[PDB]
Every structure is written in structure tokens, then in C-alpha cells.
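Student: First, the structure itself, so that you have it in front of you.
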Amino acid sequence: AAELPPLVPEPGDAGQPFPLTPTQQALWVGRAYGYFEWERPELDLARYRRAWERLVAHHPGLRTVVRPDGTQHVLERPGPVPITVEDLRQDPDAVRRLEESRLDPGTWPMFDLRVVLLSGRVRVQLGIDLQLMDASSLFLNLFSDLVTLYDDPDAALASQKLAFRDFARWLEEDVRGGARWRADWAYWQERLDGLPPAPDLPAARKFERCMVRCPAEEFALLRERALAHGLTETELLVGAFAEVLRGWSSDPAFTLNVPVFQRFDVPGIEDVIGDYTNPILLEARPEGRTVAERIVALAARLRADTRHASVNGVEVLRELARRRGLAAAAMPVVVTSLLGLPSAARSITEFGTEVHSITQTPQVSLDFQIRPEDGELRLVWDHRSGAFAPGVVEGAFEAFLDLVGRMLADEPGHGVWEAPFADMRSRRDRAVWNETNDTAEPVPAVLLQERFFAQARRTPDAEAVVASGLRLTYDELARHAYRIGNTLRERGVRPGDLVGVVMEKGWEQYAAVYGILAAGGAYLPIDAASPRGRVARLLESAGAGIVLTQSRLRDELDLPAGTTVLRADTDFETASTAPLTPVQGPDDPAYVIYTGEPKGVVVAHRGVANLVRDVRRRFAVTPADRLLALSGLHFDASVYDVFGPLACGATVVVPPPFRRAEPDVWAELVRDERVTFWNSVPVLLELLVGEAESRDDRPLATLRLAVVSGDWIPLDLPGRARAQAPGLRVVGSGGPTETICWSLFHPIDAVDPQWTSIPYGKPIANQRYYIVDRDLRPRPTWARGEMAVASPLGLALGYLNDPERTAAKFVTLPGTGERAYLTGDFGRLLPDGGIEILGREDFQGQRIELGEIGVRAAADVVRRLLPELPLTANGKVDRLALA
Ligand SMILES: [C][C@]([N])([C][O])C(=O)O=P([O])([O])O[C][C]1O[C](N2[C]=NC3=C2N=[C]N=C3[N])[C]([O])[C]1[O]
């Protein structure tokens, strides 16, 4: 170690100023205060006055003021003690007037006394500055003596050696810079680059207090638990607190201010009112497998942070601001612990029983206070209401109390102690997620091509496909599907093969899909606009043989000779209109769709069929509904346009092929065919509604359902669309291609203005949406995390054939065992249950949050400005081309 210089007392010349202490320096600039309240039957005010008159002397603090020159001197003739008695005994509505309630160091009384007189009862209130003295002083000296002094104001008091002004000049001059000081600034200079920012907890873009009183018996068990791991009553208590926090914490590592109220064991200093406040920056990095392990390890780093106490935290934090940014250093999370200081003479409880007590420490968002009191350990969480999203503190406190409770119930080395983690979600956190994720419904085994075949037999007259003017009935499509599918099986389209379907938008694709499924295979959609090289590339990498195509642009297909190619509009006509029989199963693949290297997606039958018959049972999909099949069949979004409508008698309406979005034709074709179902990415319905508003007719007037998904549903768009056809119910969805087109549905009924984004929603039937930390564990509400869509049948079979990708992105959760897809999107659960979608590794997102109230950063805007934003291949918003 290193011994320190001795304190030089000065019996006199105390009237002359001494500089402000570091903990105090930081409060006298933020001005550019605590409060208590006890009750008791009768307060003898004269006695009380004289007590407080003697309490204003003795301690050189209760008189000190701050000269506006930035220094503090003592006073010696202050005035009389300003006690402000209020009277409300014969006042009815006395609780009401008492209710409305709540300072400068330039002006003597560094506080604010009061005494409100209610009927039969007296309510003593004490303001106080927090620049004036510190927590330990307040409880160990002021209150203690004040009890002594209310009892007998003339009672003997203690001889005040070496007044505080001395300690002040002492640490400032004699102690700073010396042996122990120089030794200790190294530690923090050799860790200042290892310090993790403060707890990053959720916000929601005055002071409230949860507290709990532990009885004496429960105290002592608590302490006993602490020693049995070699910890102190405050050692374990910080450790637990770190755990709770990690739950909602948006990273496991953070830094906890743990101030220490040291006086360097000076003789007589435990009787001086002063600011002995030394912050310590405890680094919380989860070190260990178990609680017992991780709490014991953080306890270690605390003590080591403590043997180096001479360098005040204020400096360390300063130098921290120097190395990094200023704001990127704030320590809003603190743990004030008056355990382990001496047992004072008197306990404020003797005087009167509390009623109110809120520390107003500023720049502190959450203040875990640990103080003992007449036998009990008082735990208290004082938190700045509005620093965090709703409930976040109510929930962590519930979870905290459980954690400590189990520790009161588990013999060390057993139970929670040797538990690898602890689920912080509160009873509601759970109730809401269970209740919103209870999606358990059996899917009837029916081949996706069988369902359609059976509706075609059910309503063969009906309009199945309307494409490029040439319409098609359900029987004529079915008959041409039989034609194709028979032809395929004949050429050996064995069960489980992939028949690549490469064409443009038209009625050829539809029959192509249902003949290929019929033939016992799965269809592999490839865009006819891709480069003449990438097409054959995807086909070769998927190992696909036969390829169906339209005859137009059939020669513009550079494919090999081992891969057969047939036209659909002609190279089929001379076939069997006799139905083929289902050879393939419900768990066999129906389509592979492709998406740093592109990955193919394998999708079953069972899941798509789950989709189809939910969407029908969600929005009452009736055969009257006529749908604008806008998405390209190579985009995952097209799948409801294939199998959705035809599986209960609706009509599919194919628009003329495009490359650039053409909301003109779309408004036309929607206006003309009485289209009632719109399905695309949000920008496409935006462009449509923009073209439609600027028209005299009502073109989009028959629309009864609009499902946007895959991008960001623009905040205004639901109203702007709801503008035309009064009665359209807009709905937004999404979920990755590996999750069967739509997974989570949010009916867009009332865009909230203070929303950064449209809620992602509640899950559909059979899919469960989880929000997990880095450990694939469920998070509690609001918490950021990655999204895990859990599902036996509504999950993608696998990533093409590469098993690495598939077993790495499709995991088993350890909480349950559910096979889940790690979406690679990050979000947070919402206390109605829905999900808020936040981006994908977008944490460095505000942007639109502070934008619409125009794109994101990288910044770009459109109305480095630019005319209008660029799209991607199927629409959305090309955030990758923008830098
Ligand atoms: C499925 C869909 N959504 C359509 O339907 C898609 O998108 O797909 P993809 O892209 O291919 O896959 C994968 C991806 O997805 C994505 N997403 C989706 N959705 C969305 C998203 N993001 C955002 N937002 C929205 N809405 C994801 O991200 C993935 O990974």
C-alpha cells in the first residue's frame, strides 16, 4: 500500500474560505435537493425550536454557505432558525391542501424546515440541499443528534475537533497527489479504456420510489447468505442488483456508480457534517457460469476498485469524459450504500415515523439506496419518472425482490445460487406473452395442389385467373395443370424434385406452379429479368433439371442440354386432362425461393397450408375477393397470391408485367376488375395511392383489404389509403422468407403520431414470436433483443442443402426446445403483446422517429437531400445503395 499525510488541525481561522469538494463541485454548476416527512401525534414546538437552534451551531456545516466566487466559508452568526408552521386542523379538505407541496446556497439556510399541523397529528417536513453535506452525514449526525436534541435540547453534545473546512483543504492539497493517490490514479488510468458505459435501459421517447422493508430476522439471513459466499451485506446486494439490470439492459456490460462514504479514519471525523462522497465506477461484466459465480466475481472487482479509493471518482469520470465524449460517460445508475458505517447514537425512527422521502439527486436516473434503520435493512429504489419506458422499473423491482427472496430461500450452493440465469420477466410479462403466443391449431393434411384441385371441382365455372385480358376459369386452369403435371411426371419429375419456373408475370406461371406440385415436385421461382448468367447459376446451384417457361422469350434462355426446357402456353396442349394423383407428403417441399452469399429457402406443404387457411379465417376470405397478384413469384410475398385465393374460390388478377413500378396501370386494373385485395410492399401501395388520389374517379374504391409488409409501413399511408374506399381495413405484416410470408399481423386502425414506426404485431396461428438476448432467452417487455420465430410447421424446412446455414440460423431454444428461426431482426415486446420492429444490426435507430415528425442515417431525405428515394428489386427502400 502507501500511507497518507497526517491531518493538520487548525484551532481557528476557520471563518476564511476553503474550496468546494469534488462531489460538491459537480452540484454547484448543474444549477444553471432532498426532502423528508415523518408523522407523530404531538410536537412541542418550543422544545423543537431550541433543539434546531443548537443543531444550527455545533456542526460547522449547518451554517456554511457558498460564496458566489465558487468557494465556501463558514458562518458564525446566521440568524434565527426559520421554521414555518402551517395549520390545518379545523380545515376540512385538510388532506387536500396538505397534498400540494414542493432553494439556493447563496442564502444561508441550506434547507427548508416546515411543520404542518393536522387534527390529532403533526407532520414534520425537512427540505435540505444535497450540496449541503451527504447521505452518511445526514443519517449519522444530523438526524441522530436531532433526536438527542429534541429529547433534551440541553443534553451533552460531542466535542467538534478538526472542523470540516480542514478535511476539505486536506484532501484538496495535502492528500491529493501523494503516495496512495499516485498509486491509485494508475489503476483507473489502466482501466479507463476498459470501462463499459452505464446501463443502457429502455426509454419511452420528478422522482418516484419503490421501496421494501426487510425485517430483522430476514436481515440476518440475508447477511448470513452474504458471508457464506464471502460477501458483505452490500456485496451480494450490488451483485444481485447487477443481475436484475442485465435483464432489460441492452448489453450485459455496464458501469455502476457505487459511492463510498469514507473519511480516511481520521480521529473525530465521525462527528463532523461533511460531503464524504467518493463515487467508485464498478465495472459489471458478467463473469462466471452461475449467479454465485458472477456475483462473487463482480464483488471481487469492487473491492479492488475500493483498495484504490483515494482518487475521487469525480476526477476519474472527468478523465473518462476526456478520453471519450462528455455525454457518453454519464453514470445515471448508482448504488448508495450506508451499510458498514458506524452505529449512530439515535435513529430518526425514534422521533417520528416516515411518510415520504424522495432524494432528488440530479443526473441520477436510478438510485439503489441501502440503509439500515433500527434493525431493519431498508432497500429503496428512487428513480426519475420518465427516464425509462412504462413499467420498466416496476418490473425489474418485482424481479429483484424475487431474486433476493430465493436467496432467502436457498442454502448456498443450491437453488438459485447455482442457477445459470434467472428469468426476469414479471407475472404480466409472462401472462401477456403466453396469452398472445398461444397459437396451437392442427393443420389438416391436404396437398397444396389438392386443395386447389378440389375447389376447382367445387366451383369450376368461377374466374380463377384474369391475366393480360385473357381470363381463365378454375376448370380450365385445373385442366391445364393436369396437362402440365401429367407431362412432368411422365418425363420423370420424381417426388421431391425441383422444377424451375422461369417466366414473367402472366397466367402461365400460375398453371406452372400447380402442375409442378401436382407432378409431385416443388417449384423453384426464378425471375426472367435476371442477367443471362445468374439464372443458370441459381438453377445449377439448386440442382434443378426441367424448367417450365412461357414461349415468348424462350430462346433468350442460355441453359444447358441436360436441363430440359418446355414452353407452357404451347408445349403442353396435347396432354392428359386426367387428374394425377398426390404422390408427395405434407412435410415435403413445395417451393424453394432464393434470397453474404444468396441462400435457397426450403418450404414444406404443411406450413403454407397453415398460412392459407389462417388468412382465410382471419379476413373471411370469400370467393368474391379479387386479388391483384403484384409481387413477383420469385419474391416470397407472391405465395399468398398463388395458393391463397384459389384454395377457396377467389379470383387472382395478374397485372401486366413490369420492371419499373407503374401505379397507372395498377390503378386502372384495380379500378376495372373490381379488385378487392391488395398485397405488396408498402412503397408500392404508396405509389398506388399517390397515383390514385390525383384522379377524379374512385379507382381504388372496391379495395376491402390491403396487406403491406416487408418494409416499413409509412406512418401516414394507412390514412392516405383509408382515404379512398371508406371502409378498407389496412393490415401490415412481414416476417422473413424463412418464416412463410406473413407470420405477425398488426391491423393498422389508428396510426399513433408519437410512433417511431408501425407496430410489427401479434403472431399468426402456429407461429410464436420471441425476443431474446444473446443467450436465446426470453426478454421482459420493452427489452431489445433478436426475434426468434418459433414453429414446428410454419418454419422453413431448411436452407436449400447447406446444413451449416440451416442448423445455425434455425436453433433450439434452451428455455423450451422450440425449433426457432433466428430472424436477424431486433425488436422489443409491447405491453399489449405486439412487437415493435427496430432494424437488423442497426445499432451503432431514430431516423424516421425524428424524421416524419425521409430516410435514415448511414443521412438522406426526400420530398444530402435528393428528389425521391431509390427502391430495391421488389420495391421497399434501398438502404444499401444509399452509401
Ligand atoms: C417474407 C418477406 N417479408 C416477404 O413476405 C421477406 O421480406 O422475405 P426475405 O426479405 O427474402 O427474407 C429474409 C428477410 O426478411 C426480412 N424482412 C421481412 N419483412 C420485414 C423484414 N425486415 C424488416 N421489416 C419487415 N417488415 C427480414 O428482415 C429477413 O431476414
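To be explicit about the labels: the chains of the C-alpha cells are called A, B, and onward in the order shown, and within each one the residues are counted from 1, while ligands get numbers from 1 in the order they are shown.
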Using only C-alpha atoms and all ligand atoms, what are the residues with an atom within 9 Å of ligand 1, set out as a PyMOL selection string?
Tutor: chain A and resi 593-595+601+635-640+680-681+708-713+732-743+760+822-826+837-840
Student: Once DSSP has gone over the backbone, tell me which residues of stretch 368-408 of chain A are in strand (DSSP E or B), as an NGL selection string.
Tutor: :A and (368-373 or 376-383)
Student: With only C-alpha atoms as the counted atoms, please give the residues lying no more than 12 Å from residue A:870, apart from itself and same-chain residues fewer than 2 positions off, as an mmCIF file with C-alpha atoms, in the first residue's frame.
Tutor:
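Below is the file that was written, out-v1.cif:
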```cif
data_model
loop_
_atom_site.group_PDB
_atom_site.id
_atom_site.type_symbol
_atom_site.label_atom_id
_atom_site.label_comp_id
_atom_site.auth_asym_id
_atom_site.auth_seq_id
_atom_site.Cartn_x
_atom_site.Cartn_y
_atom_site.Cartn_z
ATOM 1 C CA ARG A 660 -40.435 -0.070 -63.036
ATOM 2 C CA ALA A 661 -43.429 0.276 -60.728
ATOM 3 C CA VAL A 683 -43.892 1.660 -51.188
ATOM 4 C CA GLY A 854 -37.300 10.988 -45.436
ATOM 5 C CA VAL A 855 -34.889 8.082 -44.808
ATOM 6 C CA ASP A 860 -30.683 11.189 -46.706
ATOM 7 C CA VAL A 861 -34.033 12.949 -47.136
ATOM 8 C CA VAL A 862 -36.556 13.316 -49.934
ATOM 9 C CA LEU A 866 -32.397 14.211 -53.115
ATOM 10 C CA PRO A 867 -35.701 14.189 -55.103
ATOM 11 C CA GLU A 868 -37.018 10.741 -54.194
ATOM 12 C CA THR A 872 -34.923 -2.360 -54.410
ATOM 13 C CA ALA A 873 -35.793 -5.133 -56.870
ATOM 14 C CA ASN A 874 -39.294 -5.802 -55.472
ATOM 15 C CA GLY A 875 -39.735 -2.278 -54.003
ATOM 16 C CA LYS A 876 -39.192 -1.427 -50.295
ATOM 17 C CA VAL A 877 -36.416 1.185 -49.760
ATOM 18 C CA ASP A 878 -32.823 0.586 -50.942
ATOM 19 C CA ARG A 879 -30.911 1.446 -47.775
ATOM 20 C CA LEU A 880 -27.856 -0.378 -49.219
ATOM 21 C CA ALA A 881 -27.405 1.820 -52.315
ATOM 22 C CA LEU A 882 -27.521 4.937 -50.071
ATOM 23 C CA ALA A 883 -23.819 4.838 -49.128
#
```
Student: Determine, for each residue of stretch 580-692 of chain A having at least one atom at most 10 Å from an atom of stretch 532-546 of chain A, the closest pair of atoms and their separation in Å to one decimal, counting only C-alpha atoms; order by chain and ascending number, as a Markdown table.
Tutor:
```
| residue | atom | partner | partner_atom | distance |
| --- | --- | --- | --- | --- |
| A:592 | CA | A:542 | CA | 8.8 |
| A:594 | CA | A:538 | CA | 8.2 |
| A:598 | CA | A:538 | CA | 9.2 |
| A:599 | CA | A:538 | CA | 9.9 |
| A:600 | CA | A:542 | CA | 7.7 |
```
Student: Would you list the contacts of residue A:284 as a ChimeraX atom specification, taking every protein, DNA or RNA residue within 8 Å and counting only C-alpha atoms, but skipping same-chain residues closer than 2 positions in sequence?
Tutor: /A:196,242,252-256,282,286,298
Student: Using only C-alpha atoms, what table do you get, as a tab-separated table, when you list each residue of stretch 225-342 of chain A with an atom no more than 9 Å from stretch 391-409 of chain A, its nearest pair of atoms, and their distance in Å rounded to one decimal, rows by chain then rising number?
Tutor:
```
residue	atom	partner	partner_atom	distance
A:225	CA	A:407	CA	7.3
A:237	CA	A:404	CA	8.3
A:240	CA	A:403	CA	7.2
A:241	CA	A:400	CA	6.9
A:243	CA	A:400	CA	8.4
A:244	CA	A:400	CA	5.7
A:245	CA	A:396	CA	7.0
A:247	CA	A:396	CA	8.0
A:248	CA	A:392	CA	8.0
```
Student: Quick one: write out the picked residues with N, CA, C and O atoms as an mmCIF file, in the first residue's frame?
Tutor:
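What landed in out28.cif:
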```cif
data_model
loop_
_atom_site.group_PDB
_atom_site.id
_atom_site.type_symbol
_atom_site.label_atom_id
_atom_site.label_comp_id
_atom_site.auth_asym_id
_atom_site.auth_seq_id
_atom_site.Cartn_x
_atom_site.Cartn_y
_atom_site.Cartn_z
ATOM 1 N N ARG A 225 -26.396 -15.311 4.354
ATOM 2 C CA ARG A 225 -26.200 -15.682 2.950
ATOM 3 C C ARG A 225 -24.950 -15.033 2.350
ATOM 4 O O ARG A 225 -24.200 -15.692 1.616
ATOM 5 N N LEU A 237 -25.584 -7.558 -2.444
ATOM 6 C CA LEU A 237 -26.799 -6.805 -2.756
ATOM 7 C C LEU A 237 -26.605 -6.007 -4.030
ATOM 8 O O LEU A 237 -27.562 -5.735 -4.762
ATOM 9 N N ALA A 240 -26.610 -8.938 -6.890
ATOM 10 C CA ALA A 240 -27.973 -9.214 -7.329
ATOM 11 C C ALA A 240 -28.456 -8.084 -8.216
ATOM 12 O O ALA A 240 -28.841 -8.309 -9.366
ATOM 13 N N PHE A 241 -28.331 -6.844 -7.736
ATOM 14 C CA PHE A 241 -28.833 -5.707 -8.497
ATOM 15 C C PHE A 241 -28.260 -5.700 -9.915
ATOM 16 O O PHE A 241 -28.973 -5.384 -10.875
ATOM 17 N N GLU A 243 -27.493 -8.245 -11.721
ATOM 18 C CA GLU A 243 -28.189 -9.292 -12.475
ATOM 19 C C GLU A 243 -29.531 -8.795 -12.993
ATOM 20 O O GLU A 243 -29.804 -8.842 -14.200
ATOM 21 N N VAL A 244 -30.373 -8.312 -12.070
ATOM 22 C CA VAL A 244 -31.690 -7.798 -12.421
ATOM 23 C C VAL A 244 -31.575 -6.902 -13.640
ATOM 24 O O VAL A 244 -32.191 -7.139 -14.697
ATOM 25 N N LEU A 245 -30.698 -5.906 -13.513
ATOM 26 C CA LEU A 245 -30.460 -4.901 -14.543
ATOM 27 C C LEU A 245 -30.160 -5.547 -15.888
ATOM 28 O O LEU A 245 -30.730 -5.157 -16.917
ATOM 29 N N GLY A 247 -31.191 -7.763 -17.356
ATOM 30 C CA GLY A 247 -32.339 -8.369 -18.000
ATOM 31 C C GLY A 247 -32.771 -7.507 -19.148
ATOM 32 O O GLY A 247 -32.736 -7.899 -20.326
ATOM 33 N N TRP A 248 -33.119 -6.283 -18.772
ATOM 34 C CA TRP A 248 -33.594 -5.285 -19.709
ATOM 35 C C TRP A 248 -32.429 -4.532 -20.342
ATOM 36 O O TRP A 248 -32.590 -3.915 -21.409
#
```
Student: Which residues of stretch 253-288 of chain A come within 12 Å of stretch 117-136 of chain A, and for each one, what is the closest pair of atoms and their distance in Å to one decimal, counting only C-alpha atoms, sorted by chain and residue number, as a Markdown table?
Tutor:
```
| residue | atom | partner | partner_atom | distance |
| --- | --- | --- | --- | --- |
| A:259 | CA | A:135 | CA | 10.5 |
| A:260 | CA | A:136 | CA | 9.5 |
| A:261 | CA | A:136 | CA | 6.6 |
| A:262 | CA | A:136 | CA | 9.5 |
| A:263 | CA | A:136 | CA | 10.6 |
| A:269 | CA | A:136 | CA | 11.9 |
| A:270 | CA | A:136 | CA | 9.6 |
| A:271 | CA | A:136 | CA | 10.8 |
| A:272 | CA | A:133 | CA | 9.6 |
| A:273 | CA | A:133 | CA | 6.0 |
| A:274 | CA | A:133 | CA | 4.5 |
| A:275 | CA | A:133 | CA | 4.5 |
| A:276 | CA | A:134 | CA | 6.6 |
| A:277 | CA | A:134 | CA | 6.7 |
| A:278 | CA | A:134 | CA | 10.5 |
```
Student: Closest to residue A:766 among A:608, A:647, A:327, A:701, using only C-alpha atoms?
Tutor: A:608
Student: Which polymer residues have any atom within 8 Å of an atom of residue A:674, counting only C-alpha atoms, with same-chain residues fewer than 3 positions away left out, as a list in words?
Tutor: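 Within the cut-off, the hits are residues 626, 670, 671, 702 and 703 of chain A.
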Student: Can I get the selected residues back with N, CA and C atoms, as a compact mmCIF listing (two decimals), in the first residue's frame?
Tutor:
```txt
# COMPACT_ATOMS: atom_id res chain seq x y z
N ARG A 626 -61.17 -10.48 -55.19
CA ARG A 626 -60.39 -10.46 -56.42
C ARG A 626 -59.08 -9.76 -56.10
N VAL A 670 -56.97 -2.12 -61.05
CA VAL A 670 -57.73 -2.26 -59.80
C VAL A 670 -59.12 -1.67 -59.97
N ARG A 671 -59.22 -0.54 -60.68
CA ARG A 671 -60.49 0.14 -60.91
C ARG A 671 -61.43 -0.72 -61.74
N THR A 702 -63.01 -0.26 -54.64
CA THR A 702 -63.52 -1.58 -54.30
C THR A 702 -62.60 -2.35 -53.35
N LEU A 703 -61.43 -1.79 -53.00
CA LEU A 703 -60.48 -2.48 -52.13
C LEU A 703 -61.04 -2.63 -50.72
```
Student: If you run DSSP on the backbone, which residues of stretch 54-130 of chain A are helix (DSSP H, G or I), as a short mmCIF file (atom, residue, chain, number, x, y, z; two decimals) with N, CA and C atoms, in the first residue's frame?
Tutor:
```
data_model
loop_
_atom_site.label_atom_id
_atom_site.label_comp_id
_atom_site.auth_asym_id
_atom_site.auth_seq_id
_atom_site.Cartn_x
_atom_site.Cartn_y
_atom_site.Cartn_z
N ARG A 54 -29.75 24.72 18.47
CA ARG A 54 -28.45 24.15 18.82
C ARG A 54 -27.90 23.31 17.70
N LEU A 55 -28.78 22.72 16.88
CA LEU A 55 -28.35 21.95 15.73
C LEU A 55 -27.80 22.84 14.61
N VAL A 56 -28.12 24.14 14.62
CA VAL A 56 -27.56 25.04 13.61
C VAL A 56 -26.12 25.40 13.94
N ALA A 94 -58.37 18.91 4.49
CA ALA A 94 -57.02 19.10 5.02
C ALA A 94 -56.02 18.18 4.33
N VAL A 95 -56.41 16.93 4.03
CA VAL A 95 -55.54 16.08 3.23
C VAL A 95 -55.28 16.73 1.88
N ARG A 96 -56.30 17.41 1.33
CA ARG A 96 -56.17 18.01 0.00
C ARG A 96 -55.14 19.13 0.00
N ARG A 97 -55.27 20.08 0.93
CA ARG A 97 -54.35 21.22 0.96
C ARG A 97 -52.94 20.81 1.39
N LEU A 98 -52.81 19.87 2.33
CA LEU A 98 -51.52 19.27 2.66
C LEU A 98 -50.90 18.63 1.44
N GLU A 99 -51.73 18.18 0.50
CA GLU A 99 -51.24 17.44 -0.66
C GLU A 99 -50.35 18.30 -1.53
#
```
Student: Pick out the closest residue to residue A:384 from this set: A:362, A:82, A:61, A:70. Count only C-alpha atoms.
Tutor: A:362
Student: I need the residue nearest residue A:352 from this list: A:769, A:143, A:28, A:810. Use only C-alpha atoms for the distance.
Tutor: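 Selected residue with least distance to residue A:352: A:143.
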Student: Can you work out the spacing between atom CA of residue A:387 and atom CA of residue A:202 in Å, to one decimal?
Tutor: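 Atom CA of residue A:387 sits 8.6 Å away from atom CA of residue A:202.
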Student: Counting only C-alpha atoms, what is within 9 Å of residue A:720, bar same-chain residues fewer than 3 positions away, as a ChimeraX atom specification?
Tutor: /A:686,689-690,693,716-717,723-724
Student: Save the residues we just selected, N, CA and C atoms, as a compact mmCIF listing (two decimals), in the first residue's frame?
Tutor:
```txt
# COMPACT_ATOMS: atom_id res chain seq x y z
N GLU A 686 -48.04 2.83 -51.62
CA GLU A 686 -47.83 4.28 -51.52
C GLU A 686 -47.90 4.90 -52.90
N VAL A 689 -51.46 4.77 -54.14
CA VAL A 689 -52.35 5.77 -53.55
C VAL A 689 -51.97 7.18 -54.00
N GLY A 690 -50.69 7.43 -54.25
CA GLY A 690 -50.29 8.70 -54.82
C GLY A 690 -50.84 8.93 -56.21
N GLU A 693 -55.09 9.18 -55.56
CA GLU A 693 -55.61 10.44 -55.06
C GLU A 693 -55.74 11.44 -56.20
N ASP A 716 -48.07 7.74 -42.42
CA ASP A 716 -49.24 8.40 -43.00
C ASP A 716 -50.06 7.46 -43.88
N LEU A 717 -49.40 6.48 -44.49
CA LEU A 717 -50.01 5.67 -45.55
C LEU A 717 -51.33 5.02 -45.18
N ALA A 723 -58.26 6.87 -46.87
CA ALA A 723 -58.93 7.96 -47.56
C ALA A 723 -59.84 7.46 -48.68
N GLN A 724 -59.30 6.71 -49.63
CA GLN A 724 -60.16 6.16 -50.66
C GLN A 724 -60.81 4.87 -50.18
```
Student: Using only C-alpha atoms, which protein or nucleic acid residues come within 10 Å of residue A:152? Drop anything in the same chain fewer than 6 positions from it, and give the result as a VMD selection string.
Tutor: chain A and resid 47 to 48 50 to 51 146
Student: With distances taken over only C-alpha atoms, which of A:646, A:744, A:633, A:364 is nearest to residue A:478?
Tutor: A:646
